[PDB]
Amino acid sequence: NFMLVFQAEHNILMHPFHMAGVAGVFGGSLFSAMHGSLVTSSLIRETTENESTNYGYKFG
Amino acid sequence: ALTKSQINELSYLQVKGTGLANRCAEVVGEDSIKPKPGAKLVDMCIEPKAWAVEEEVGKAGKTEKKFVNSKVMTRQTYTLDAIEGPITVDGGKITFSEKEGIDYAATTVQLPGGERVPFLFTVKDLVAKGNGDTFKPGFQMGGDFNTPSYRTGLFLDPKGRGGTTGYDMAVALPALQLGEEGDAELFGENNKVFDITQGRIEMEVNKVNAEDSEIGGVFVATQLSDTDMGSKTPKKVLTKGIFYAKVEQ
Amino acid sequence: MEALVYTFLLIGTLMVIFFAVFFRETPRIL
Amino acid sequence: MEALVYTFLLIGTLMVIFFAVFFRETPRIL
Amino acid sequence: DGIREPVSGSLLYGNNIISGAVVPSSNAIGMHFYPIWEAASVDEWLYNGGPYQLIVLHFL
Amino acid sequence: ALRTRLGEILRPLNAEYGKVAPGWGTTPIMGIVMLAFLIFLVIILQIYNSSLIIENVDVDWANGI
Amino acid sequence: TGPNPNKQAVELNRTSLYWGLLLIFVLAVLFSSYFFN
Amino acid sequence: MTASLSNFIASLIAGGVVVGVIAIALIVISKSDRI
Amino acid sequence: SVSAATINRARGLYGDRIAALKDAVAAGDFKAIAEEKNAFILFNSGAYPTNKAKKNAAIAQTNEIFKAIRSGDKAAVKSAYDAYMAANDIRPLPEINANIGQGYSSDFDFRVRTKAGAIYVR
Amino acid sequence: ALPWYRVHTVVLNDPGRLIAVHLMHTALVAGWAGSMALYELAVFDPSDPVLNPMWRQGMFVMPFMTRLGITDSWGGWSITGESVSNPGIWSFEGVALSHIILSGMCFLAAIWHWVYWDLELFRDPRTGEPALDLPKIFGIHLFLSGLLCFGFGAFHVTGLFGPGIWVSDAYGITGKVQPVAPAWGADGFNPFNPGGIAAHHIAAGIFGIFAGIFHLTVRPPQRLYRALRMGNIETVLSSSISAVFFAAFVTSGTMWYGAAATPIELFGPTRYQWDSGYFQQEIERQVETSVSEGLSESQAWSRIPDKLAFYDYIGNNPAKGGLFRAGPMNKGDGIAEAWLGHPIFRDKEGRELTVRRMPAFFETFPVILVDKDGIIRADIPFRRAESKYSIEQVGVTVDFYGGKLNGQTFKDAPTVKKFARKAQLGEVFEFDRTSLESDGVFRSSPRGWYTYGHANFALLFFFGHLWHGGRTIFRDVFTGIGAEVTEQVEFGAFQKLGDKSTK
Amino acid sequence: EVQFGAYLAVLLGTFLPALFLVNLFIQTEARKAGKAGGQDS
Amino acid sequence: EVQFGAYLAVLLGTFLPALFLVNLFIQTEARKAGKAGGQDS
Ligand code: CLA
Ligand code: CLA
Ligand code: CLA
Ligand code: CLA
Ligand code: CLA
Ligand SMILES: CC1=C(/C=C/C(C)=C/C=C/C(C)=C/C=C/C=C(C)/C=C/C=C(C)/C=C/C2=C(C)CCCC2(C)C)C(C)(C)CCC1
Ligand SMILES: CC1=C(/C=C/C(C)=C/C=C/C(C)=C/C=C/C=C(C)/C=C/C=C(C)/C=C/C2=C(C)CCCC2(C)C)C(C)(C)CCC1
Ligand SMILES: [Fe+2]
């Protein structure tokens with residue numbers, strides 16, 4: 001209800017200060033998916049086939 | 001199902017089990033009889049050879065009423081025998097005026113769809129009217145009889161309620177009453193009314209033997225089903241079969 | 001009677017979070 | 001809709017008996 | 001809205017988790033700091049949208 | 001290792017394992033069949049869309065009877 | 001017959017319990033009321 | 001045979017031309033750009 | 001999608017564009033029929049888009065118009081053009097008013113500046 | 001060791017246990033098909049096939065049973081509106097029972113292979129490894145399936161040996177299971193021709209036979225066997241998923257748009273029959289050919305079949321309901337009883353007004369009464385102060401034609417408004433909302449729910465294709481990358497990409 | 001007025017997946033306790 | 001007409017004691033597998 005009423009009187013979709021942060025939420029979760037997929041692709045062999053690959057990183 | 005002559009040539013023990021005992025006898029020959037004032041019909045065998053119950057049917061696009069050929073759940077307890085009534089002629093046309101005999105057969109006939117339709121196959125208090133005189137190849141009778149209620153008032157609802165007797169209340173739930181309004185939403189069921197309705201039958205005599213003074217033909221009967229003391233709406237049962245009688249003088 | 005089911009699940013998540021903070025598997029340096 | 005619950009439990013016991021006969025822990029002499 | 005048409009926010013008065021809410025204060029209050037002790041009763045504090053300002057000013 | 005009757009009846013079908021034709025095989029023939037299957041799917045996609053229209057063929061409920 | 005050279009251990013950490021519970025309870029917060037209507 | 005069919009074979013051909021123009025152009029350079 | 005309002009529209013748009021050629025039947029303006037050939041074609045596509053049997057009826061009712069004007073028998077042209085309006089129910093839009101009206105509400109409608117375009121402004 | 005998501009990869013290496021597990025899977029699936037069909041027989045009401053068909057009752061499994069020829073049931077009722085004395089083995093109960101037998105027998109067979117993994121048949125001759133020759137196995141299975149497809153088309157749909165297929169008419173009044181001569185021309189690729197379905201499985205089954213015979217003999221080349229990794233069973237899995245969700249976009253597409261394989265009086269009318277007014281044009285044509293016969297109007301409308309009027313109705317759309325409205329359509333608005341009548345709305349000038357019907361988008365559209373050329377003569381106002389077109393001002397009168405309300409004028413201004421709101425949606429019937437305590441608010445068809453689940457399952461299976469399409473190609477680097485990759489990750493010094501034979 | 005089997009579908013849709021994931025945790029804690037031989041077996 | 005929370009009381013009175021007793025069995029089978037060191041830990 002807060003978003004719709006604030007669309008009517010205010011027109012937030014045509015506000016570039018709103019366009020900038022939806023480019024910070026799209027691009028935010030863009031780069032989180034990217035940086036997550038570039039690290040987890042390039043992982044060095046420690047585990048076996050029968051064990052989670054997270055156990056190739058000991059803590060510390 | 002042969003003639004009454006060689007049914008009588010069989011002892012009781014060798015009929016016993018065959019399923020002969022529902023079978024009406026048959027007539028050979030075409031003749032006239034010309035009943036007298038004082039005669040009657042004595043061995044009125046009436047067997048239905050097919051049942052049919054009114055319903056709502058589905059077909060091409062439209063739903064309406066017709067009769068399904070339906071099957072009997074009672075094994076062999078469905079035919080009437082030894083019905084007699086004084087035959088009379090008043091206006092040239094022959095009347096039957098049923099009085100005695102096995103004049104009801106409590107059957108139940110299951111619909112396609114699972115539904116059971118019990119009814120009484122009765123000839124009770126019949127008055128027929130012939131198309132003419134002198135029993136002939138085509139002498140047709142027809143009249144109106146009485147279907148009484150299937151269960152009489154001594155019969156009791158599975159909780160102990162009846163027409164003549166039983167409880168009047170919902171013995172189940174003894175806190176239903178409690179107000180100005182008691183069990184009144186169950187008054188249509190606590191009330192066990194003995195209804196009586198009216199049927200229809202149409203004889204059509206096909207074969208006549210007057211050496212033994214015996215007629216036989218094919219009837220068409222329509223009547224009304226059971227209403228469980230006025231709870232359910234009864235359906236219209238249509239039966240078709242053959243009949244048989246022996247004429248006095 | 002579904003407000004029972006609502007408050008059972010909301011307090012249900014609040015219980016699971018309490019065990020997840022204070023009864024966690026600790027990481028060790030070793 | 002409780003005839004579901006009735007036949008689920010009756011077939012439920014019939015399943016448990018099937019595993020109890022054919023998948024039992026065998027006793028050994030050793 | 002301060003139109004004396006109350007809006008049901010809580011679970012105990014027939015709301016879901018999604019349709020339920022804690023409403024904002026009354027329009028008649030406006031900007032006025034409306035604590036518990038400036039109502040005449042907690043009956044009245046909870047009618048006018050008192051517990052919005054209690055949660056919001058302590059969230060922030 | 002537990003030979004059965006049926007194990008011996010179907011033993012020839014698991015005989016070859018990794019027996020491989022020495023390079024390039026029938027893959028020109030497979031490509032042409034697969035190219036003809038794709039053209040066949042574009043035709044079905046466009047008749048059904050009615051983005052392609054054939055004489056005496058409509059895309060509409062007909063009375064098979 | 002015979003023992004397998006296949007069968008292995010199946011594991012789940014303590015955190016993976018807490019993820020797994022909080023997955024089920026929070027989906028039950030979401031999709032509860034839609035089922036109730 | 002319709003007018004809608006004559007357009008479609010004209011695009012099957014022209015689709016095979018564009019694939020055919022590119023695929024010949026790849027082979028001719030890759031032989032001249034051997035390795 | 002073919003819908004009911006798409007049938008209404010091409011009937012409303014081009015039923016003006018067929019019936020208004022009653023002025024051109026009178027003198028027998030032979031170019032004014034040939035300039036409106038696409039009016040006959042596109043009412044035919046819009047008024048019966050799902051109904052192919054009435055559409056193919058209105059194909060030959062359109063062909064009988066142009067076959068007649070190619071010969072030039074002005075009697076047989078009107079003898080066919082009367083049949084075209086009386087089979088398909090060609091009707092122009094008449095004047096609407098305040099009680100009988102509201103042709104358009106959006107300006108996207110196909111009858112905004114037509115003589116059945118009016119609005120009760122209130 | 002294994003996490004909860006890798007937990008079935010233990011059965012990859014043992015092919016004797018794969019069959020143990022696929023049998024447990026096919027016992028759960030056919031167990032569901034038998035037990036859900038028994039559940040549906042307890043829910044089903046055969047009393048009205050006209051205004052209470054199977055799709056109206058939320059039957060999901062039953063339309064698939066009847067479209068290939070199961071029309072009769074042991075309770076004596078036929079679905080085609082007949083009465084049968086003996087349906088035989090194959091009825092709704094017998095089919096549902098046969099899947100519970102198959103569920104029990106595949107359950108026992110699943111246990112037998114899980115105990116006996118040591119079948120010799122699963123061993124390589126050359127090495128001792130457990131191994132499945134996937135190109136021979138495919139050629140076996142493709143031969144069987146192509147044989148079974150040919151037998152289905154030639155002997156079941158064409159009805160030489162089998163009973164046929166459900167073939168309805170254009171408007172879903174009459175249909176019956178009947179054999180179908182196959183349509184070999186371009187008419188076969190008309191999806192609404194059931195002759196295409198016979199001609200499909202014959203011709204596609206023929207190629208399934210002769211491609212079986214091809215794969216029974218010809219071995220793969222090195223180039224495919226190395227690239228497509230045919231020694232790996234997960235390459236079968238990924239490529240099979242791609243066939244399985246490809247088939248789901250096709251079935252869920254031809255579900256939602258209709259075909260001869262998914263007819264109207266079986267699954268429900270499509271969405272697109274409400275859009276074009278597909279049944280309106282059939283109502284009005286049958287009225288026009290009745291008044292051209294010379295009939296007056298009130299018996300011109302009474303010759304329209306009730307089932308056809310049932311199809312021109314909004315609560316019979318697949319696109320009308322919602323997600324979390326669960327259950328049959330009859331929990332939406334009630335059991336249909338009888339057609340009321342066709343309203344004709346007249347003004348003071350004796351013109352004709354039709355309430356503009358609602359699109360399938362709007363849960364609510366207002367009441368707007370337009371004439372033959374679509375101009376508003378009347379409405380129902382929201383703001384009732386300065387309204388020019390209110391029904392009490394225009395004086396719209398109601399007169400019905402046909403049904404239980406045949407030939408009854410209504411000049412009563414409230415009831416004109418009441419039947420104006422009813423006539424906005426559908427052909428107006430009278431219902432029974434008290435049987436199951438039906439709400440006042442709509443539902444969706446098996447046509448809505450089938451293509452709901454399958455257009456979603458096809459999406460999830462698109463991801464599972466990319467997962468296993470990824471895991472086969474990168475089977476070696478699935479557990480780490482090594483230190484050998486460090487040299488080949490460089491812009492330059494290899495003029496090809498990663499290849500140590502270069503420079 | 002509230003729908004009916006939702007009391008079943010929520011609570012069996014919580015507890016049967018919740019109690020399942022407990023037991024993959026109880027399995028390991030016993031398996032790691034059976035591994036390192038202590039007072040428990 | 002049938003009583004209401006009995007759909008809950010049966011099915012949560014089956015599954016919650018049934019799934020409990022499963023896990024005292026799953027606990028031992030893991031504990032006896034952790035004891036004798038095999039392929040599982
Ligand atoms: C006399 C021979 C004959 C005849 C009459 C037919 C008749 C038919 N075939 Mg055909 N077929 C034949 C021989 C024949 N076949 C042979 C010999 C083969 C080789 C084995 C095939 C293989 C074949 C396939 C593979 C398919 C058909 C299908 C069909 C049906 C078409 C249904 C329709 O209109 O489109 C409906 C079908 C389509 C529009 C297919 C388009 C393909 C997809 C949808 C393109 C999209 C790709 C992907 C799904 C995109 C996903 C994402 C996107 C949704 C966003 C029709 C019954 C189709 C079918 O079963 O439909 C029910 C089908 O999928 N045929
Ligand atoms: C003895 C075999 C047999 C028979 C004759 C039937 C018969 C029936 N089953 Mg069934 N079933 C069986 C075994 C059998 N079942 C087994 C073993 C299982 C477990 C897997 C099931 C699981 C099952 C379910 C889950 C359901 C049925 C249903 C049905 C009914 C409708 C069938 C239908 O619409 O199919 C439609 C089937 C298809 C459209 C599949 C087509 C095959 C695909 C598209 C082929 C594509 C791949 C192929 C390899 C292509 C390459 C070949 C090509 C080159 C030629 C029908 C009464 C349905 C029903 O109403 O329940 C009673 C239902 O829901 N069955
Ligand atoms: C492809 C799957 C499929 C489809 C389309 C249908 C279709 C249908 N079924 Mg059916 N059914 C299926 C599989 C399917 N069935 C299976 C596998 C079962 C066994 C469990 C059943 C058991 C079943 C019963 C018992 C009944 C139906 C009924 C119906 C009909 C009404 C639809 C309805 O109520 O939806 C309801 C839809 C929803 C509730 C939407 C759920 C949205 C998704 C799935 C959310 C899932 C995510 C979330 C995390 C779930 C976890 C819960 C959370 C609290 C943790 C409809 C024709 C009813 C009927 O009248 O038939 C006679 C009925 O009573 N079905
Ligand atoms: C024919 C389909 C099919 C098959 C045979 C497999 C088979 C496999 N997948 Mg897989 N997958 C598939 C489809 C399939 N997948 C799809 C569609 C996706 C996308 C969602 C995935 C995503 C996926 C991932 C991301 C991973 C696998 C993994 C695996 C392997 C182990 C699976 C396991 O232990 O699950 C364990 C699952 C459970 C113990 C329970 C999961 C609980 C689910 C969410 C609910 C249960 C479903 C419910 C009972 C009913 C299902 C209805 C049905 C219609 C879907 C195994 C080879 C894993 C692998 O390769 O190992 C590294 C892995 O990491 N798959
Ligand atoms: C985003 C889409 C996408 C992606 C990334 C992949 C990725 C992959 N697929 Mg694949 N696949 C997809 C969609 C996709 N698929 C779809 C929709 C289908 C069903 C048709 C398939 C069917 C499929 C099979 C059957 C197999 C793969 C395989 C593979 C893997 C090997 C690479 C390969 O050859 O790709 C496949 C190649 C492509 C996707 C190229 C598509 C380019 C086409 C030819 C364009 C044609 C234009 C079109 C016809 C224009 C007319 C249509 C118009 C009228 C609308 C790889 C993981 C293989 C695998 O798993 O290896 C182990 C394998 O066996 N795929
Ligand atoms: C043993 C045996 C037997 C028996 C059998 C049986 C009894 C069976 C049954 C079976 C069955 C009875 C089965 C069924 C099952 C079920 C299922 C299998 C289910 C499924 C489910 C799932 C899969 C899920 C679903 C869902 C949901 C819930 C939600 C939404 C989504 C979905 C849809 C996903 C016999 C005697 C014959 C023989 C001998 C042996
Ligand atoms: C023994 C064995 C085995 C195993 C098996 C398995 C593992 C199984 C599984 C199984 C499964 C895994 C199953 C599942 C099932 C499920 C279910 C069965 C579910 C369903 C659900 C339901 C039925 C519900 C319903 C409902 C209701 C009631 C209400 C609300 C709604 C709903 C719908 C939710 C193996 C192979 C190893 C080997 C051999 C032996
Ligand atoms: Fe990082």
# chains A, B, ... in the order shown; residues from 1 in each chain; ligands from 1
call {"tool": "residues_around", "arguments": {"residues": "residue 51 in chain E", "least_positions_apart": "2", "cutoff": "9 Å", "atoms": "only C-alpha atoms", "output": "ChimeraX atom specification"}}
result
/E:22-25,35-36,45-46,48-49,53-56
call {"tool": "residues_near_ligand", "arguments": {"ligand": "ligand 7", "cutoff": "10 Å", "atoms": "only C-alpha atoms and all ligand atoms", "output": "ChimeraX atom specification"}}
result
/D:1-2,4-5,8,19,23 /G:35 /J:17-25,27-29,31-32,35-36,107-115,326-327 /K:4-13 /L:7,11
call {"tool": "residues_around", "arguments": {"residues": "residue 50 in chain J", "least_positions_apart": "2", "cutoff": "9 Å", "atoms": "only C-alpha atoms", "output": "list in words"}}
result
residues 57, 58, 59, 60, 61, 62 and 63 of chain B; 48, 52, 53, 81, 173, 306, 307 and 310 of chain J
call {"tool": "closest_residue", "arguments": {"among": "G:16, G:2, G:25, G:10", "to": "residue 33 in chain L", "atoms": "only C-alpha atoms"}}
result
G:10
call {"tool": "residues_near_ligand", "arguments": {"ligand": "ligand 3", "cutoff": "7 Å", "atoms": "only C-alpha atoms and all ligand atoms", "output": "ChimeraX atom specification"}}
result
/G:24,27-28,31-32,35 /J:36,40,43,57-60,323-328,445-446,449-450,452-454 /K:9-10,13-14
call {"tool": "residues_around", "arguments": {"residues": "residue 49 in chain F", "least_positions_apart": "3", "cutoff": "12 Å", "atoms": "only C-alpha atoms", "output": "list in words"}}
result
residues 42, 43, 44, 45, 46, 52, 53, 58, 59 and 60 of chain F; 1 of chain I; 189, 190, 191, 253, 254 and 257 of chain J
call {"tool": "select_by_dssp", "arguments": {"residues": "chain A", "states": "helix (DSSP H, G or I)", "output": "count of residues only"}}
result
35
call {"tool": "residues_near_ligand", "arguments": {"ligand": "ligand 1", "cutoff": "8 Å", "atoms": "only C-alpha atoms and all ligand atoms", "output": "ChimeraX atom specification"}}
result
/F:37,40-42,44-49 /J:182-208,245-251,253-254,259,261
call {"tool": "residues_around", "arguments": {"residues": "residue 24 in chain L", "least_positions_apart": "5", "cutoff": "10 Å", "atoms": "only C-alpha atoms", "output": "PyMOL selection string"}}
result
(chain K and resi 23+26-27) or (chain L and resi 19+29)
call {"tool": "interface_residues", "arguments": {"of": "chain H", "to": "chain F", "cutoff": "9 Å", "atoms": "only C-alpha atoms", "output": "tab-separated table (two decimals) with N, CA and C atoms, in the first residue's frame"}}
result
chain	number	residue	atom	x	y	z
H	1	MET	N	0.28	-25.35	-53.25
H	1	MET	CA	1.26	-24.28	-53.15
H	1	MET	C	0.58	-22.93	-53.07
H	2	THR	N	0.88	-22.17	-52.03
H	2	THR	CA	0.29	-20.87	-51.79
H	2	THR	C	1.35	-19.78	-51.92
H	3	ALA	N	0.91	-18.53	-51.77
H	3	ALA	CA	1.84	-17.42	-51.71
H	3	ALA	C	2.58	-17.39	-50.38
H	4	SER	N	1.94	-17.90	-49.32
H	4	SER	CA	2.61	-17.98	-48.03
H	4	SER	C	3.66	-19.08	-48.02
H	5	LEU	N	3.49	-20.09	-48.87
H	5	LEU	CA	4.48	-21.15	-48.97
H	5	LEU	C	5.67	-20.70	-49.79
H	8	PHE	N	8.10	-18.94	-47.81
H	8	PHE	CA	8.79	-19.72	-46.78
H	8	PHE	C	9.99	-20.45	-47.35
H	12	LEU	N	13.89	-20.35	-46.42
H	12	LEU	CA	14.73	-21.53	-46.19
H	12	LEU	C	15.99	-21.45	-47.03
call {"tool": "interface_residues", "arguments": {"of": "chain A", "to": "chain G", "cutoff": "12 Å", "atoms": "only C-alpha atoms", "output": "PyMOL selection string"}}
result
chain A and resi 49-52+54-55
call {"tool": "residues_near_ligand", "arguments": {"ligand": "ligand 5", "cutoff": "6 Å", "atoms": "only C-alpha atoms and all ligand atoms", "output": "PDB file with N, CA and C atoms, in the first residue's frame"}}
result
ATOM      1  N   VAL F  42      10.278 -26.383 -37.844  1.00  0.00           N
ATOM      2  CA  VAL F  42       9.896 -25.019 -38.188  1.00  0.00           C
ATOM      3  C   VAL F  42       8.588 -25.022 -38.966  1.00  0.00           C
TER       4      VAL F  42
ATOM      5  N   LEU J 228      30.673 -36.138 -26.879  1.00  0.00           N
ATOM      6  CA  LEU J 228      29.412 -36.320 -26.182  1.00  0.00           C
ATOM      7  C   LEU J 228      29.532 -37.257 -25.003  1.00  0.00           C
ATOM      8  N   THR J 235      25.663 -38.114 -19.373  1.00  0.00           N
ATOM      9  CA  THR J 235      25.350 -37.533 -20.672  1.00  0.00           C
ATOM     10  C   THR J 235      24.032 -38.046 -21.210  1.00  0.00           C
ATOM     11  N   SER J 238      21.420 -35.745 -18.990  1.00  0.00           N
ATOM     12  CA  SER J 238      21.254 -34.364 -19.428  1.00  0.00           C
ATOM     13  C   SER J 238      20.512 -34.292 -20.750  1.00  0.00           C
ATOM     14  N   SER J 239      20.922 -35.109 -21.716  1.00  0.00           N
ATOM     15  CA  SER J 239      20.243 -35.146 -23.000  1.00  0.00           C
ATOM     16  C   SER J 239      18.828 -35.689 -22.881  1.00  0.00           C
ATOM     17  N   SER J 242      16.604 -32.758 -21.626  1.00  0.00           N
ATOM     18  CA  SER J 242      16.337 -31.899 -22.771  1.00  0.00           C
ATOM     19  C   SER J 242      15.218 -32.430 -23.638  1.00  0.00           C
ATOM     20  N   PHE J 246      11.525 -30.443 -23.453  1.00  0.00           N
ATOM     21  CA  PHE J 246      11.040 -30.131 -24.800  1.00  0.00           C
ATOM     22  C   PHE J 246       9.655 -30.696 -25.027  1.00  0.00           C
ATOM     23  N   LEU J 466      21.029 -27.821 -17.723  1.00  0.00           N
ATOM     24  CA  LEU J 466      22.283 -27.085 -17.679  1.00  0.00           C
ATOM     25  C   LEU J 466      23.170 -27.551 -16.545  1.00  0.00           C
ATOM     26  N   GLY J 469      24.203 -30.981 -18.080  1.00  0.00           N
ATOM     27  CA  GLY J 469      24.991 -30.620 -19.236  1.00  0.00           C
ATOM     28  C   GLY J 469      26.314 -30.005 -18.846  1.00  0.00           C
ATOM     29  N   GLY J 470      26.381 -29.382 -17.682  1.00  0.00           N
ATOM     30  CA  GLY J 470      27.635 -28.851 -17.205  1.00  0.00           C
ATOM     31  C   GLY J 470      28.495 -29.892 -16.528  1.00  0.00           C
ATOM     32  N   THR J 472      28.665 -33.188 -16.902  1.00  0.00           N
ATOM     33  CA  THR J 472      29.302 -34.171 -17.772  1.00  0.00           C
ATOM     34  C   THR J 472      30.507 -33.601 -18.470  1.00  0.00           C
TER      35      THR J 472
END
call {"tool": "residues_near_ligand", "arguments": {"ligand": "ligand 8", "cutoff": "8 Å", "atoms": "only C-alpha atoms and all ligand atoms", "output": "MDAnalysis selection string"}}
result
chainID A and resid 35:36 39
call {"tool": "residues_around", "arguments": {"residues": "residue 33 in chain G", "least_positions_apart": "3", "cutoff": "7 Å", "atoms": "only C-alpha atoms", "output": "list in words"}}
result
residues 16 and 17 of chain E; 30, 36 and 37 of chain G
